[PDB]
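Undergrad: My structure is in data.txt, and what it holds is compact mmCIF, N, CA and C atoms and all ligand atoms:
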# COMPACT_ATOMS: atom_id res chain seq x y z
N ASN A 1 70.75 -22.04 14.36
CA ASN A 1 71.12 -20.79 13.69
C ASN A 1 72.21 -20.99 12.72
N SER A 2 72.24 -20.21 11.68
CA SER A 2 73.29 -20.22 10.67
C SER A 2 73.98 -18.88 10.66
N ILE A 3 75.30 -18.91 10.70
CA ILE A 3 76.09 -17.70 10.68
C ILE A 3 77.16 -17.81 9.63
N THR A 4 77.24 -16.84 8.73
CA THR A 4 78.29 -16.74 7.72
C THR A 4 79.17 -15.52 8.04
N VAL A 5 80.48 -15.70 8.09
CA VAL A 5 81.44 -14.65 8.26
C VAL A 5 82.10 -14.38 6.91
N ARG A 6 82.12 -13.12 6.46
CA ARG A 6 82.85 -12.73 5.26
C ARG A 6 84.08 -11.93 5.72
N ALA A 7 85.28 -12.47 5.49
CA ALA A 7 86.49 -11.89 6.02
C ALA A 7 87.70 -12.29 5.21
N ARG A 8 88.79 -11.57 5.46
CA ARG A 8 90.09 -11.85 4.88
C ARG A 8 91.17 -11.51 5.88
N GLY A 9 92.34 -12.09 5.63
CA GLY A 9 93.57 -11.64 6.24
C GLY A 9 94.36 -10.80 5.24
N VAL A 10 95.42 -10.22 5.76
CA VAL A 10 96.36 -9.50 4.91
C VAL A 10 97.52 -10.37 4.42
N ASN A 11 97.96 -11.35 5.21
CA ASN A 11 99.02 -12.22 4.72
C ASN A 11 98.64 -13.69 4.57
N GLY A 12 97.46 -14.10 4.97
CA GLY A 12 97.02 -15.45 4.77
C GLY A 12 97.34 -16.44 5.86
N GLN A 13 97.89 -15.96 6.98
CA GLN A 13 98.16 -16.77 8.12
C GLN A 13 97.19 -16.50 9.29
N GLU A 14 96.31 -15.50 9.12
CA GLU A 14 95.47 -15.06 10.18
C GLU A 14 94.43 -16.11 10.53
N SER A 15 94.16 -16.22 11.86
CA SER A 15 93.14 -17.09 12.42
C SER A 15 92.04 -16.29 13.07
N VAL A 16 90.79 -16.61 12.78
CA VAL A 16 89.65 -16.04 13.45
C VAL A 16 88.79 -17.14 14.05
N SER A 17 88.10 -16.76 15.09
CA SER A 17 87.12 -17.59 15.78
C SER A 17 85.77 -16.91 15.79
N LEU A 18 84.77 -17.67 15.41
CA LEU A 18 83.37 -17.28 15.61
C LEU A 18 82.96 -17.75 17.02
N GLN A 19 82.55 -16.83 17.84
CA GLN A 19 82.18 -17.12 19.23
C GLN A 19 80.74 -16.72 19.49
N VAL A 20 80.04 -17.47 20.30
CA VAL A 20 78.70 -17.12 20.70
C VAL A 20 78.63 -17.28 22.23
N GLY A 21 78.38 -16.22 22.98
CA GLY A 21 78.38 -16.28 24.43
C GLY A 21 79.71 -16.66 25.01
N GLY A 22 80.80 -16.47 24.30
CA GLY A 22 82.14 -16.87 24.75
C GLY A 22 82.53 -18.23 24.32
N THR A 23 81.62 -19.05 23.77
CA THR A 23 81.94 -20.35 23.27
C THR A 23 82.46 -20.23 21.85
N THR A 24 83.61 -20.79 21.54
CA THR A 24 84.09 -20.85 20.15
C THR A 24 83.27 -21.86 19.37
N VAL A 25 82.54 -21.43 18.38
CA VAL A 25 81.76 -22.26 17.48
C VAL A 25 82.60 -22.87 16.40
N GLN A 26 83.50 -22.10 15.81
CA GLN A 26 84.36 -22.60 14.73
C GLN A 26 85.53 -21.64 14.62
N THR A 27 86.69 -22.16 14.25
CA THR A 27 87.86 -21.38 13.91
C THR A 27 88.21 -21.63 12.44
N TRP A 28 88.76 -20.61 11.79
CA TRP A 28 89.19 -20.65 10.42
C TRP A 28 90.51 -19.95 10.26
N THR A 29 91.31 -20.45 9.34
CA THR A 29 92.41 -19.68 8.80
C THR A 29 91.92 -18.94 7.56
N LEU A 30 92.26 -17.66 7.45
CA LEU A 30 91.81 -16.81 6.36
C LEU A 30 92.78 -16.81 5.19
N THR A 31 92.26 -16.44 4.03
CA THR A 31 93.12 -16.14 2.89
C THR A 31 93.22 -14.63 2.76
N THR A 32 93.93 -14.18 1.70
CA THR A 32 94.15 -12.79 1.48
C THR A 32 93.02 -12.10 0.70
N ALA A 33 91.95 -12.81 0.38
CA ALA A 33 90.78 -12.26 -0.29
C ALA A 33 89.57 -12.57 0.55
N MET A 34 88.55 -11.69 0.43
CA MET A 34 87.29 -11.95 1.12
C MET A 34 86.71 -13.24 0.70
N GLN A 35 86.29 -14.05 1.66
CA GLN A 35 85.63 -15.32 1.42
C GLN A 35 84.59 -15.52 2.51
N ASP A 36 83.66 -16.42 2.25
CA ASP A 36 82.62 -16.79 3.19
C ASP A 36 82.95 -18.00 4.00
N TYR A 37 82.67 -17.99 5.27
CA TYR A 37 82.91 -19.06 6.20
C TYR A 37 81.63 -19.27 6.98
N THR A 38 81.07 -20.47 6.97
CA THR A 38 79.72 -20.69 7.53
C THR A 38 79.76 -21.73 8.60
N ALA A 39 79.03 -21.49 9.68
CA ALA A 39 78.83 -22.47 10.74
C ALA A 39 77.42 -22.38 11.26
N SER A 40 77.03 -23.45 11.94
CA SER A 40 75.75 -23.63 12.58
C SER A 40 75.93 -23.62 14.08
N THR A 41 74.94 -23.14 14.81
CA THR A 41 74.97 -23.24 16.26
C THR A 41 73.52 -23.15 16.80
N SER A 42 73.32 -23.87 17.90
CA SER A 42 72.13 -23.81 18.74
C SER A 42 72.21 -22.68 19.79
N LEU A 43 73.39 -22.13 19.98
CA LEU A 43 73.61 -21.08 20.98
C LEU A 43 72.95 -19.79 20.47
N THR A 44 72.59 -18.91 21.44
CA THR A 44 71.80 -17.72 21.13
C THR A 44 72.36 -16.41 21.61
N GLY A 45 73.48 -16.46 22.30
CA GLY A 45 74.07 -15.30 22.95
C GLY A 45 74.87 -14.39 22.02
N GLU A 46 75.75 -13.58 22.59
CA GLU A 46 76.45 -12.53 21.90
C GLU A 46 77.40 -13.12 20.91
N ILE A 47 77.33 -12.69 19.65
CA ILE A 47 78.21 -13.13 18.59
C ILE A 47 79.44 -12.24 18.55
N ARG A 48 80.63 -12.86 18.52
CA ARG A 48 81.88 -12.17 18.27
C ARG A 48 82.65 -12.86 17.17
N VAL A 49 83.38 -12.07 16.38
CA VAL A 49 84.41 -12.58 15.49
C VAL A 49 85.72 -12.07 16.03
N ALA A 50 86.57 -13.02 16.46
CA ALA A 50 87.81 -12.72 17.16
C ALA A 50 89.00 -13.10 16.34
N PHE A 51 89.99 -12.22 16.29
CA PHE A 51 91.32 -12.45 15.69
C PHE A 51 92.22 -12.85 16.86
N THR A 52 92.92 -13.98 16.73
CA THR A 52 93.59 -14.60 17.88
C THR A 52 95.09 -14.79 17.70
N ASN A 53 95.67 -14.61 16.51
CA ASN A 53 97.08 -14.89 16.28
C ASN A 53 97.84 -13.73 15.69
N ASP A 54 97.55 -12.54 16.15
CA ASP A 54 98.25 -11.36 15.70
C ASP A 54 99.77 -11.58 15.83
N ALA A 55 100.48 -11.00 14.88
CA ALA A 55 101.93 -11.04 14.75
C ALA A 55 102.27 -10.05 13.70
N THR A 56 103.58 -9.88 13.49
CA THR A 56 104.07 -9.08 12.40
C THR A 56 103.41 -9.47 11.09
N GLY A 57 102.90 -8.51 10.33
CA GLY A 57 102.35 -8.76 9.00
C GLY A 57 100.93 -9.27 8.96
N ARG A 58 100.33 -9.54 10.13
CA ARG A 58 99.01 -10.14 10.19
C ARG A 58 97.95 -9.16 10.72
N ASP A 59 96.86 -9.03 9.97
CA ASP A 59 95.70 -8.20 10.31
C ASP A 59 94.48 -8.84 9.64
N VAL A 60 93.29 -8.55 10.18
CA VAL A 60 92.04 -9.11 9.64
C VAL A 60 91.10 -7.99 9.24
N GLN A 61 90.44 -8.17 8.11
CA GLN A 61 89.35 -7.28 7.66
C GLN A 61 88.09 -8.16 7.58
N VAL A 62 87.09 -7.83 8.39
CA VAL A 62 85.78 -8.49 8.39
C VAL A 62 84.82 -7.60 7.69
N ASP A 63 84.27 -8.06 6.58
CA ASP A 63 83.28 -7.28 5.87
C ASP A 63 81.97 -7.19 6.64
N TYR A 64 81.44 -8.33 7.00
CA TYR A 64 80.14 -8.48 7.59
C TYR A 64 80.01 -9.92 8.08
N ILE A 65 78.94 -10.15 8.85
CA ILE A 65 78.43 -11.48 9.05
C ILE A 65 76.98 -11.50 8.57
N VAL A 66 76.44 -12.72 8.38
CA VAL A 66 75.06 -12.93 8.07
C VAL A 66 74.52 -13.92 9.11
N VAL A 67 73.46 -13.54 9.80
CA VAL A 67 72.87 -14.33 10.87
C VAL A 67 71.46 -14.70 10.47
N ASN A 68 71.18 -15.95 10.15
CA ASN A 68 69.87 -16.36 9.71
C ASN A 68 69.33 -15.44 8.63
N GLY A 69 70.19 -15.08 7.67
CA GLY A 69 69.83 -14.28 6.56
C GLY A 69 69.95 -12.79 6.70
N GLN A 70 70.25 -12.30 7.91
CA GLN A 70 70.39 -10.86 8.13
C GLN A 70 71.87 -10.46 8.09
N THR A 71 72.23 -9.63 7.14
CA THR A 71 73.59 -9.09 7.07
C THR A 71 73.80 -8.07 8.17
N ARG A 72 74.87 -8.16 8.91
CA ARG A 72 75.26 -7.23 9.94
C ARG A 72 76.67 -6.76 9.60
N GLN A 73 76.80 -5.54 9.15
CA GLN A 73 78.10 -5.01 8.72
C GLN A 73 79.05 -4.87 9.90
N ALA A 74 80.31 -5.26 9.75
CA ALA A 74 81.28 -5.07 10.85
C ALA A 74 81.42 -3.62 11.26
N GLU A 75 81.45 -2.72 10.28
CA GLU A 75 81.61 -1.30 10.50
C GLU A 75 80.42 -0.65 11.16
N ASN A 76 79.28 -1.37 11.22
CA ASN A 76 78.10 -0.88 11.94
C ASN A 76 78.07 -1.31 13.40
N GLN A 77 79.08 -2.00 13.86
CA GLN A 77 79.12 -2.49 15.22
C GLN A 77 79.92 -1.55 16.10
N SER A 78 79.36 -1.18 17.21
CA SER A 78 79.99 -0.22 18.10
C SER A 78 81.21 -0.73 18.83
N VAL A 79 81.29 -2.02 19.06
CA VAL A 79 82.36 -2.63 19.83
C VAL A 79 83.32 -3.45 18.93
N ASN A 80 84.57 -2.96 18.89
CA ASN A 80 85.68 -3.56 18.15
C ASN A 80 86.93 -3.37 18.98
N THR A 81 87.36 -4.45 19.64
CA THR A 81 88.47 -4.36 20.54
C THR A 81 89.85 -4.52 19.93
N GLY A 82 89.87 -4.87 18.65
CA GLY A 82 91.10 -5.08 17.90
C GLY A 82 91.55 -4.00 16.96
N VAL A 83 90.67 -3.09 16.57
CA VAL A 83 91.06 -2.03 15.63
C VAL A 83 92.13 -1.17 16.25
N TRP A 84 93.15 -0.78 15.45
CA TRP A 84 94.12 0.19 15.89
C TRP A 84 93.54 1.55 15.55
N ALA A 85 93.20 2.32 16.57
CA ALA A 85 92.53 3.62 16.42
C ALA A 85 92.91 4.47 17.64
N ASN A 86 93.19 5.75 17.44
CA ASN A 86 93.62 6.60 18.56
C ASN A 86 94.84 5.98 19.20
N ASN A 87 95.82 5.48 18.42
CA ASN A 87 97.06 4.93 18.94
C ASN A 87 96.95 3.81 19.95
N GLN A 88 95.87 3.00 19.84
CA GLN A 88 95.77 1.91 20.71
C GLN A 88 94.82 0.89 20.11
N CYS A 89 94.95 -0.32 20.61
CA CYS A 89 94.00 -1.37 20.22
C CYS A 89 92.65 -1.07 20.85
N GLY A 90 91.58 -1.14 20.06
CA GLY A 90 90.24 -0.86 20.57
C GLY A 90 90.00 0.61 20.83
N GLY A 91 90.74 1.50 20.18
CA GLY A 91 90.57 2.92 20.47
C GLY A 91 89.30 3.54 19.95
N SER A 92 88.57 2.83 19.10
CA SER A 92 87.27 3.25 18.66
C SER A 92 86.50 2.01 18.23
N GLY A 93 85.30 2.20 17.77
CA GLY A 93 84.44 1.16 17.24
C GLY A 93 84.23 1.36 15.77
N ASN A 94 83.21 0.67 15.26
CA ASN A 94 82.74 0.89 13.93
C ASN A 94 83.85 0.75 12.90
N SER A 95 84.48 -0.42 12.87
CA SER A 95 85.52 -0.71 11.88
C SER A 95 85.42 -2.19 11.46
N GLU A 96 85.74 -2.43 10.19
CA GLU A 96 85.98 -3.76 9.67
C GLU A 96 87.23 -4.40 10.18
N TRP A 97 88.19 -3.61 10.71
CA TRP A 97 89.54 -4.12 10.94
C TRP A 97 89.76 -4.62 12.37
N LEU A 98 90.51 -5.69 12.40
CA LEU A 98 91.13 -6.19 13.63
C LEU A 98 92.62 -6.19 13.38
N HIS A 99 93.31 -5.20 13.92
CA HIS A 99 94.79 -5.08 13.81
C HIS A 99 95.47 -5.84 14.91
N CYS A 100 94.93 -5.73 16.09
CA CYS A 100 95.41 -6.42 17.29
C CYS A 100 94.51 -7.65 17.52
N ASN A 101 94.99 -8.56 18.34
CA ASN A 101 94.10 -9.56 18.88
C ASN A 101 92.89 -8.87 19.54
N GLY A 102 91.68 -9.35 19.31
CA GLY A 102 90.52 -8.69 19.76
C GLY A 102 89.33 -9.16 18.92
N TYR A 103 88.19 -8.54 19.10
CA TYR A 103 86.97 -9.01 18.46
C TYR A 103 86.06 -7.87 18.06
N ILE A 104 85.18 -8.18 17.14
CA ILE A 104 84.01 -7.36 16.79
C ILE A 104 82.81 -8.04 17.35
N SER A 105 81.96 -7.32 18.09
CA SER A 105 80.71 -7.86 18.60
C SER A 105 79.58 -7.49 17.70
N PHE A 106 78.76 -8.50 17.34
CA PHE A 106 77.64 -8.33 16.42
C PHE A 106 76.28 -8.48 17.12
N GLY A 107 76.27 -8.40 18.43
CA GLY A 107 75.01 -8.53 19.18
C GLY A 107 74.59 -9.98 19.28
N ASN A 108 73.45 -10.20 19.92
CA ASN A 108 72.95 -11.55 20.11
C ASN A 108 72.44 -12.20 18.82
N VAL A 109 72.50 -13.51 18.83
CA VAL A 109 72.00 -14.23 17.67
C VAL A 109 70.62 -13.84 17.33
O1 LIG A 201 102.35 -2.47 17.99
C1 LIG A 201 100.99 -2.23 18.31
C2 LIG A 201 100.16 -2.84 17.16
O2 LIG A 201 100.48 -2.16 15.98
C3 LIG A 201 99.64 -2.39 14.86
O3 LIG A 201 100.06 -1.65 13.70
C4 LIG A 201 99.79 -0.35 13.79
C5 LIG A 201 101.12 0.37 14.00
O4 LIG A 201 101.57 0.15 15.34
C6 LIG A 201 101.04 1.84 13.70
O5 LIG A 201 102.31 2.44 13.82
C7 LIG A 201 100.43 2.01 12.32
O6 LIG A 201 100.39 3.33 11.83
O7 LIG A 201 99.11 1.51 12.44
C8 LIG A 201 99.22 0.07 12.49
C9 LIG A 201 97.90 -0.59 12.31
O8 LIG A 201 97.32 -0.18 11.10
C10 LIG A 201 99.64 -3.86 14.52
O9 LIG A 201 98.70 -4.25 13.50
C11 LIG A 201 99.35 -4.70 15.75
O10 LIG A 201 99.56 -6.07 15.38
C12 LIG A 201 100.28 -4.33 16.92
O11 LIG A 201 99.89 -4.99 18.10
CA CA A 202 81.35 -4.11 5.44
CA CA A 203 98.37 -6.78 13.34
When written as C-alpha cells, how does the structure in this file appear?
TA:
Amino acid sequence: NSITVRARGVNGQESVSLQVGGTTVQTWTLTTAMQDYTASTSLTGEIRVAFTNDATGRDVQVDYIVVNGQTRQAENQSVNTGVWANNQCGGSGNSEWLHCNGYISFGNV
C-alpha cells in the first residue's frame, strides 16, 4: 500500500507519525506549509496520523491523506483525539487540526 500524508505544522518543529494498526510506519518533522509525505506499507489495519511532540507554539494541520489513490479528508474523519474543541483535547471530531498530542483516524487501509 501507498499512503501520502498532506500536512503542516505551525512552527516547524512538529512531529507526526503515520501508524497502521498501532505500528509506526514512518515519522516526519513538518514544515510551516502543506507538503506531501509518502510511505509504503504491507500492513492493512487502521490508519492514524498522530502528533507526538506537542509543546508551546506547536500544532498540526492535516489536510488529507491519500491511500492507494483515494483521498480521505482529515475533516471527514469522525475520530480526532488531538483537536482542541469543547475546551478539551478530542472534544469533537471532523477536524484537520491536532492541537494536543493525539491522532486522526482514517479507517482501515
Ligand atoms: O493547554 C491545553 C492545550 O491548549 C491548546 O491551546 C488551546 C488553548 O488552551 C485555548 O485557550 C485556545 O483558545 O485554544 C487553543 C487551541 O487552539 C494547545 O494547542 C495544546 O497544546 C494544549 O495542550
Ligand atoms: Ca482537508
Ligand atoms: Ca498545541
Undergrad: Give me the residues of chain A that have any atom at most 9 Å from an atom of ligand LIG 201 (chain A); for each, the nearest atom pair and the distance in Å, rounded to one decimal. Use only C-alpha atoms and all ligand atoms, sort by chain and number, and format it as CSV.
TA:
residue,atom,partner,partner_atom,distance
A:54,CA,A:LIG201,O10,5.5
A:55,CA,A:LIG201,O10,5.5
A:56,CA,A:LIG201,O10,6.2
A:57,CA,A:LIG201,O9,7.3
A:58,CA,A:LIG201,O10,6.6
A:59,CA,A:LIG201,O9,5.9
A:82,CA,A:LIG201,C11,8.5
A:83,CA,A:LIG201,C9,7.7
A:84,CA,A:LIG201,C9,5.3
A:85,CA,A:LIG201,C9,8.0
A:87,CA,A:LIG201,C6,7.3
A:88,CA,A:LIG201,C1,7.1
A:89,CA,A:LIG201,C2,7.0
A:97,CA,A:LIG201,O8,8.7
A:98,CA,A:LIG201,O9,7.8
A:99,CA,A:LIG201,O9,4.0
A:100,CA,A:LIG201,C11,4.6
A:101,CA,A:LIG201,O10,7.4
Undergrad: Counting only N, CA and C atoms and all ligand atoms, what are the residues, protein, DNA or RNA alike, that approach ligand CA 202 (chain A) to within 8 Å? I want them as a list in words.
TA: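 Every residue with an atom at most 8 Å from ligand CA 202 (chain A) is listed here: residues 62, 63, 64, 65, 72, 73, 74, 75, 76, 95 and 96 of chain A.
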Undergrad: Mind dumping the selected residues with N, CA and C atoms as a PDB file, in the coordinates of the input?
TA:
ATOM      1  N   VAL A  62      87.090  -7.830   8.390  1.00  0.00           N
ATOM      2  CA  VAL A  62      85.780  -8.490   8.390  1.00  0.00           C
ATOM      3  C   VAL A  62      84.820  -7.600   7.690  1.00  0.00           C
ATOM      4  N   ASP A  63      84.270  -8.060   6.580  1.00  0.00           N
ATOM      5  CA  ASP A  63      83.280  -7.280   5.870  1.00  0.00           C
ATOM      6  C   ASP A  63      81.970  -7.190   6.640  1.00  0.00           C
ATOM      7  N   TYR A  64      81.440  -8.330   7.000  1.00  0.00           N
ATOM      8  CA  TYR A  64      80.140  -8.480   7.590  1.00  0.00           C
ATOM      9  C   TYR A  64      80.010  -9.920   8.080  1.00  0.00           C
ATOM     10  N   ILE A  65      78.940 -10.150   8.850  1.00  0.00           N
ATOM     11  CA  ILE A  65      78.430 -11.480   9.050  1.00  0.00           C
ATOM     12  C   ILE A  65      76.980 -11.500   8.570  1.00  0.00           C
ATOM     13  N   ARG A  72      74.870  -8.160   8.910  1.00  0.00           N
ATOM     14  CA  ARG A  72      75.260  -7.230   9.940  1.00  0.00           C
ATOM     15  C   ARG A  72      76.670  -6.760   9.600  1.00  0.00           C
ATOM     16  N   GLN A  73      76.800  -5.540   9.150  1.00  0.00           N
ATOM     17  CA  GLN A  73      78.100  -5.010   8.720  1.00  0.00           C
ATOM     18  C   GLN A  73      79.050  -4.870   9.900  1.00  0.00           C
ATOM     19  N   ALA A  74      80.310  -5.260   9.750  1.00  0.00           N
ATOM     20  CA  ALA A  74      81.280  -5.070  10.850  1.00  0.00           C
ATOM     21  C   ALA A  74      81.420  -3.620  11.260  1.00  0.00           C
ATOM     22  N   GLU A  75      81.450  -2.720  10.280  1.00  0.00           N
ATOM     23  CA  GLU A  75      81.610  -1.300  10.500  1.00  0.00           C
ATOM     24  C   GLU A  75      80.420  -0.650  11.160  1.00  0.00           C
ATOM     25  N   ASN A  76      79.280  -1.370  11.220  1.00  0.00           N
ATOM     26  CA  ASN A  76      78.100  -0.880  11.940  1.00  0.00           C
ATOM     27  C   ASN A  76      78.070  -1.310  13.400  1.00  0.00           C
ATOM     28  N   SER A  95      84.480  -0.420  12.870  1.00  0.00           N
ATOM     29  CA  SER A  95      85.520  -0.710  11.880  1.00  0.00           C
ATOM     30  C   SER A  95      85.420  -2.190  11.460  1.00  0.00           C
ATOM     31  N   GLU A  96      85.740  -2.430  10.190  1.00  0.00           N
ATOM     32  CA  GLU A  96      85.980  -3.760   9.670  1.00  0.00           C
ATOM     33  C   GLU A  96      87.230  -4.400  10.180  1.00  0.00           C
TER      34      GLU A  96
END
Undergrad: Could you check the closest approach to ligand CA 203 (chain A) for each of A:22, A:9, A:107, A:91 and tell me which residue wins, using only C-alpha atoms and all ligand atoms?
TA: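 The shortest atom-to-atom distance to ligand CA 203 (chain A) comes from A:9.
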Undergrad: Have a look at atom CA of residue A:35 and atom CA of residue A:8 and let me know their distance in Å, one decimal.
TA: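 For atom CA of residue A:35 relative to atom CA of residue A:8, the distance reads 6.6 Å.
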Undergrad: Quick one: residues within 8 Å of (77.1, -25.3, 14.7) (file frame), counting only C-alpha atoms, please, as an MDAnalysis selection string.
TA: chainID A and resid 1:2 25:26 39:42
Undergrad: Just to confirm, what's the straight-line distance from atom C of residue A:34 to atom N of residue A:108 in Å (one decimal)?
TA: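 Straight-line distance from atom C of residue A:34 to atom N of residue A:108 works out to 23.5 Å.
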Undergrad: Among the residues of stretch 69-105 of chain A, find those DSSP assigns to strand (DSSP E or B) from the backbone and print them as a ChimeraX atom specification.
TA: /A:70-73,80,84-85,88-89,97-98,102-105
Undergrad: Select all residues near (80.7, -15.6, 17.9) (cut-off 8 Å, inclusive, file coordinates), counting only C-alpha atoms, and output them as an MDAnalysis selection string.
TA: chainID A and resid 17:25 46:50 105
Undergrad: Rounded to one decimal in Å, what is the spacing between atom N of residue A:30 and atom CA of residue A:86?
TA: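 Calculated distance between atom N of residue A:30 and atom CA of residue A:86 is 26.7 Å.
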Undergrad: Which residue gives the smallest distance to ligand CA 203 (chain A) among A:53, A:27, A:70, A:13, with all atoms listed in the file counted?
TA: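 Distance minimum relative to ligand CA 203 (chain A) lands on A:53.
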